[PDB]
Structures are given as structure tokens and as C-alpha cells.
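> Got a file for you: final.txt, compact mmCIF, C-alpha atoms.
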# COMPACT_ATOMS: atom_id res chain seq x y z
CA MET O 2 15.37 37.98 7.06
CA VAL O 3 15.58 34.23 6.40
CA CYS O 4 18.77 33.46 4.50
CA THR O 5 20.31 30.76 2.30
CA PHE O 6 23.96 31.88 2.02
CA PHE O 7 26.01 34.01 4.42
CA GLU O 8 29.71 33.62 3.38
CA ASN O 9 30.94 35.79 6.21
CA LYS O 10 28.03 36.62 8.52
CA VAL O 11 25.69 38.81 6.40
CA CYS O 12 22.68 37.66 4.40
CA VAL O 13 23.71 37.41 0.74
CA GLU O 14 20.90 35.22 -0.66
CA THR O 15 17.53 35.31 1.08
CA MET O 16 15.11 32.37 1.16
CA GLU O 17 12.48 34.17 -0.93
CA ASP O 18 14.98 35.14 -3.64
CA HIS O 19 16.41 31.61 -3.82
CA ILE O 20 13.03 29.90 -4.23
CA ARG O 21 11.45 32.40 -6.65
CA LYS O 22 14.43 32.50 -9.03
CA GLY O 23 14.73 28.72 -9.15
CA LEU O 24 10.99 28.40 -9.76
CA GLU O 25 11.57 30.29 -13.02
CA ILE O 26 13.69 27.30 -14.10
CA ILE O 27 11.13 24.81 -12.75
CA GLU O 28 8.32 26.57 -14.61
CA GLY O 29 10.19 27.89 -17.63
CA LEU O 30 12.75 25.23 -18.55
CA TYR O 31 10.70 22.22 -17.43
CA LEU O 32 7.00 22.87 -16.79
CA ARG O 33 6.40 25.21 -19.75
CA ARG O 34 7.92 22.62 -22.12
CA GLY O 35 6.02 19.48 -21.13
CA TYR O 36 8.04 18.00 -18.27
CA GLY O 37 4.76 17.26 -16.48
CA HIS O 38 3.93 14.78 -19.24
CA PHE O 39 7.38 13.27 -18.71
CA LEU O 40 6.69 13.21 -14.97
CA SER O 41 3.20 11.70 -15.33
CA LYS O 42 4.62 8.75 -17.29
CA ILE O 43 7.37 7.91 -14.79
CA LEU O 44 5.58 8.65 -11.50
CA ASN O 45 2.33 6.99 -12.78
CA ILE O 46 0.17 9.98 -11.81
CA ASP O 47 -1.76 12.64 -13.73
CA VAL O 48 -0.28 15.73 -15.37
CA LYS O 49 -1.67 18.47 -13.10
CA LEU O 50 -0.57 16.55 -9.99
CA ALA O 51 2.94 16.11 -11.41
CA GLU O 52 3.17 19.82 -12.25
CA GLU O 53 2.26 20.87 -8.70
CA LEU O 54 4.43 18.18 -7.08
CA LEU O 55 7.54 19.49 -8.86
CA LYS O 56 6.77 23.05 -7.72
CA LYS O 57 6.37 22.00 -4.08
CA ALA O 58 9.45 19.77 -4.27
CA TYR O 59 11.69 22.76 -4.98
CA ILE O 60 9.94 24.96 -2.40
CA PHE O 61 10.54 22.38 0.36
CA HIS O 62 14.04 21.47 -0.90
CA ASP O 63 15.82 24.05 1.31
CA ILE O 64 13.43 24.10 4.27
CA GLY O 65 16.07 22.42 6.45
CA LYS O 66 18.08 25.65 6.24
CA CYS O 67 15.24 27.35 8.16
CA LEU O 68 16.27 25.83 11.49
CA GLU O 69 16.74 28.32 14.34
CA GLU O 70 20.29 27.03 14.88
CA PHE O 71 21.13 27.80 11.25
CA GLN O 72 19.60 31.29 11.00
CA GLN O 73 21.20 32.43 14.28
CA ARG O 74 24.76 31.07 13.90
CA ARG O 75 24.83 32.87 10.48
CA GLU O 76 27.72 30.72 9.21
CA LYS O 77 26.74 27.47 7.48
CA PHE O 78 23.98 24.95 6.79
CA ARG O 79 25.62 21.54 7.23
CA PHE O 80 23.30 18.49 7.01
CA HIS O 81 20.39 20.70 5.93
CA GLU O 82 19.40 18.21 3.21
CA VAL O 83 18.80 15.68 6.00
CA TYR O 84 16.52 18.13 7.82
CA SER O 85 14.80 19.14 4.56
CA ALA O 86 14.03 15.52 3.67
CA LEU O 87 12.58 14.73 7.11
CA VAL O 88 10.16 17.66 6.81
CA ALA O 89 9.30 16.68 3.22
CA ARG O 90 8.63 13.11 4.39
CA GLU O 91 5.91 14.46 6.70
CA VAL O 92 4.49 17.00 4.23
CA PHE O 93 4.41 14.78 1.12
CA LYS O 94 3.19 11.66 2.96
CA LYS O 95 -0.38 12.27 1.75
CA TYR O 96 0.70 11.63 -1.87
CA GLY O 97 1.67 8.03 -1.09
CA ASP O 98 4.85 6.35 -2.30
CA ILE O 99 5.47 9.18 -4.79
CA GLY O 100 5.93 11.59 -1.89
CA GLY O 101 8.59 9.28 -0.51
CA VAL O 102 10.32 9.51 -3.89
CA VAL O 103 10.25 13.32 -3.54
CA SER O 104 11.70 13.04 -0.02
CA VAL O 105 14.61 10.93 -1.30
CA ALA O 106 15.36 13.40 -4.12
CA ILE O 107 15.53 16.28 -1.62
CA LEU O 108 17.98 14.22 0.48
CA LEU O 109 20.32 13.47 -2.43
CA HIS O 110 20.61 17.06 -3.71
CA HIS O 111 23.57 17.94 -1.47
CA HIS O 112 24.92 14.53 -0.40
CA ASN O 113 28.73 14.63 -0.50
CA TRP O 114 29.71 11.58 1.57
CA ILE O 115 28.72 8.70 -0.72
CA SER O 119 26.40 10.55 9.42
CA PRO O 120 24.45 13.39 11.06
CA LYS O 121 23.47 13.62 14.71
CA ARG O 122 20.40 15.06 16.40
CA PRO O 123 20.58 18.82 17.07
CA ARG O 124 19.27 20.05 20.41
CA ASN O 125 16.97 22.72 18.97
CA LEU O 126 14.56 21.33 16.37
CA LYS O 127 12.21 24.31 15.98
CA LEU O 128 12.21 25.89 12.53
CA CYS O 129 12.08 29.64 12.07
CA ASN O 130 8.50 30.94 12.04
CA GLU O 131 9.61 33.80 9.78
CA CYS O 132 10.57 31.15 7.21
CA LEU O 133 7.34 29.13 7.55
CA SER O 134 5.43 32.24 6.45
CA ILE O 135 7.44 32.29 3.20
CA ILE O 136 6.88 28.57 2.57
CA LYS O 137 3.15 29.03 3.25
CA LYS O 138 2.92 31.98 0.85
CA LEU O 139 4.51 29.97 -1.99
CA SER O 140 3.22 26.40 -1.53
CA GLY O 141 -0.09 26.64 0.33
CA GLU O 142 0.43 23.64 2.62
CA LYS O 143 1.18 23.64 6.35
CA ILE O 144 4.55 22.74 7.88
CA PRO O 145 5.24 21.24 11.32
CA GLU O 146 7.20 23.83 13.29
CA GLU O 147 9.75 21.31 14.61
CA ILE O 148 11.98 18.98 12.62
CA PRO O 149 10.16 15.61 12.63
CA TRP O 150 13.12 13.54 13.80
CA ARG O 151 11.65 10.17 12.78
CA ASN O 152 14.59 8.26 14.41
CA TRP O 153 16.67 8.93 11.18
CA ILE O 154 17.02 5.15 10.62
CA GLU O 155 13.45 4.44 9.50
CA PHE O 156 14.14 6.91 6.68
CA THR O 157 17.56 5.59 5.59
CA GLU O 158 16.36 2.02 5.08
CA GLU O 159 13.37 3.25 3.06
CA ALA O 160 15.60 5.61 1.06
CA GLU O 161 17.89 2.68 0.25
CA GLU O 162 14.75 0.80 -0.80
CA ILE O 163 13.62 3.69 -3.02
CA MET O 164 17.10 4.26 -4.51
CA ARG O 165 17.33 0.54 -5.33
CA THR O 166 13.88 0.23 -6.95
CA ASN O 167 12.79 3.70 -8.15
CA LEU O 168 15.92 5.76 -8.82
CA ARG O 169 14.41 6.79 -12.17
CA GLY O 170 11.53 8.45 -10.33
CA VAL O 171 14.01 10.06 -7.94
CA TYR O 172 16.20 11.47 -10.74
CA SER O 173 13.08 12.91 -12.41
CA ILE O 174 12.70 15.14 -9.31
CA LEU O 175 16.38 15.36 -8.35
CA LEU O 176 17.84 16.63 -11.65
CA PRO O 177 15.37 19.56 -12.10
CA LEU O 178 15.95 20.41 -8.42
CA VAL O 179 19.76 20.54 -8.72
CA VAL O 180 19.62 22.48 -12.01
CA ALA O 181 17.27 25.09 -10.53
CA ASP O 182 19.31 25.26 -7.30
CA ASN O 183 22.62 26.19 -8.93
CA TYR O 184 20.99 28.78 -11.20
CA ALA O 185 19.40 30.73 -8.33
CA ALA O 186 22.66 30.48 -6.37
CA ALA O 187 24.48 31.94 -9.39
CA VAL O 188 22.25 34.98 -9.97
CA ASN O 189 21.63 35.97 -6.34
CA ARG O 190 25.23 35.42 -5.19
Let me see the structure of the file written as C-alpha cells.

Amino acid sequence: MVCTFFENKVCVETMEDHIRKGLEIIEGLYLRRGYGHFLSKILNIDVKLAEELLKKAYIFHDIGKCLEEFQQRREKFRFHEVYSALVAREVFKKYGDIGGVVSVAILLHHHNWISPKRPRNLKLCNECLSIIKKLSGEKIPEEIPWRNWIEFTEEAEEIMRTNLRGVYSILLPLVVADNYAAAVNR
């Protein structure tokens, strides 16, 4: 099984339980109470696009934990928010500059320094990419798209300088739904 938290070496919180329980906060606390109208005003898009962007932002927020080095070592998931944001930069690139705002908000959801290196294995777990396909509907590249890591940091510093309000509209529902599903399942 694809896991999210191990804490010794055994799977405590699976990937499917962590995404589904946090989607109840994305749907129930936010999307059932008109957060899509709040998102359509800030992100300058329509309502039904903003409701499905927030769902897919939380689904792809922990996809960097699905690396084959992480699921096999069974210990920890350090710099997974870097690997999640690089995948989400490739997936959400069809939505324009708003998808880059989503990719910054996935990066900042576990940042606790304010400098990662390239891992040797970049292939994600194919058992995880089934679960992301069953919940989102898009297609994921099987390897981590290591886009030099420095073309993303200078455009994240551009987005954080100009459009932090659009980032925090995706970041704050993502962090709130992340800590809830980590509290029930663990």
C-alpha cells in the first residue's frame, strides 16, 4: 500500500485515506459554503473551474511522497513538497499562470527553512499513480520532472512577490485539510 506516515516502519496513514478525509474539508468546509466564489474573484476565473482546481490541488499536494525512494525506505518524506510542486507544475501548466500559483502553494505547505538535491531515482510509484488517477482524472508523468529546480525558484519568488493572495487562497485550505486528515487517521 502507498503510505503517508510510517513513524516506525509500518503504514499508519495510507495515501487514499489521507486524500479522501481531507477532501471532506475541501468540499464541506470550503466548497459547500461558497469558497469557489471567493476563489473566482481572486484567481480571476469562473466558479466551476475554481471548484475543480481546489480539489485537484489537494489531490496533488502529497504526490511527492509517492517516490519509490520514499515508499521503500519506509521512514520519512523529506523534501516531498519540492517533488510535489515539480509534478504539479507539469500537471497544472495547462491552466496558465493560475496553475503556477497552485504549484507555489503546494511548495509552501511544508516549508520549514524560511536546499534540496537531486535524488538518483526519480520514478514515482505506479501503485500511487492509480490512486491519483482514480480521484483526479488527469494523467501524471511517472518520473519527477526535475526542471533544473532553479527555473522554478525564481518564478516562485516572482509569484510570492506579486500574487501571494492567490497563493494563500490555495495554501490555507490545503494546510487546514492536511492537518485534519493527519489527525483522524493517525
> What's around range 148-155 of chain O at 7 Å? Count all atoms listed in the file, leave out sequence neighbours fewer than 4 positions away in its own chain, and write the answer as a VMD selection string.
chain O and resid 84 87 to 88 126 to 128 159
> Hey, what's within 12 Å of residue 186 in chain O if we count only C-alpha atoms and toss same-chain stuff fewer than 5 positions away? As a list in words, please?
residues 4, 5, 6, 7, 13, 14, 15, 16, 18, 19, 20, 21, 22, 23, 179, 180 and 181 of chain O
> From the set O:156, O:172, O:184, O:36, which residue has the shortest atom-to-atom contact distance to residue 101 in chain O, counting all atoms listed in the file?
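Closest candidate: O:156.
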> Between O:91, O:82, O:98, O:162, which is the closest to residue 66 in chain O once you count all atoms listed in the file?
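Between O:91, O:82, O:98, O:162, the residue approaching residue 66 in chain O most closely is O:82.
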> Quick one: of O:175, O:50, O:139, O:144, who's nearest to residue 90 in chain O, counting all atoms listed in the file?
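Nearest to residue 90 in chain O: O:144.
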> Env of residue 74 in chain O: 12 Å cut, atoms = all atoms listed in the file, seq-sep filter 3 positions within chain, self excluded. Answer as a list in words.
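Final neighbour list, sorted by chain and number: residues 4, 6, 7, 8, 9, 10, 11, 12, 66, 67, 68, 69, 70, 71, 77, 78 and 79 of chain O.
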> Write to file, as a PDB file, in the coordinates of the input, the residues of the selection just made, with C-alpha atoms.

ATOM      1  CA  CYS O   4      18.770  33.460   4.500  1.00  0.00           C
ATOM      2  CA  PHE O   6      23.960  31.880   2.020  1.00  0.00           C
ATOM      3  CA  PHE O   7      26.010  34.010   4.420  1.00  0.00           C
ATOM      4  CA  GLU O   8      29.710  33.620   3.380  1.00  0.00           C
ATOM      5  CA  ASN O   9      30.940  35.790   6.210  1.00  0.00           C
ATOM      6  CA  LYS O  10      28.030  36.620   8.520  1.00  0.00           C
ATOM      7  CA  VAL O  11      25.690  38.810   6.400  1.00  0.00           C
ATOM      8  CA  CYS O  12      22.680  37.660   4.400  1.00  0.00           C
ATOM      9  CA  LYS O  66      18.080  25.650   6.240  1.00  0.00           C
ATOM     10  CA  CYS O  67      15.240  27.350   8.160  1.00  0.00           C
ATOM     11  CA  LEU O  68      16.270  25.830  11.490  1.00  0.00           C
ATOM     12  CA  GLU O  69      16.740  28.320  14.340  1.00  0.00           C
ATOM     13  CA  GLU O  70      20.290  27.030  14.880  1.00  0.00           C
ATOM     14  CA  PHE O  71      21.130  27.800  11.250  1.00  0.00           C
ATOM     15  CA  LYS O  77      26.740  27.470   7.480  1.00  0.00           C
ATOM     16  CA  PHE O  78      23.980  24.950   6.790  1.00  0.00           C
ATOM     17  CA  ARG O  79      25.620  21.540   7.230  1.00  0.00           C
TER      18      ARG O  79
END
> Could you tell me how far CA of residue 34 in chain O sits from CA of residue 85 in chain O, in Å to one decimal place?
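One can read the CA of residue 85 in chain O to CA of residue 34 in chain O distance as 27.8 Å.
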> To one decimal in Å, tell me the separation between CA of residue 177 in chain O and CA of residue 115 in chain O.
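Going from CA of residue 177 in chain O over to CA of residue 115 in chain O, I get 20.6 Å.
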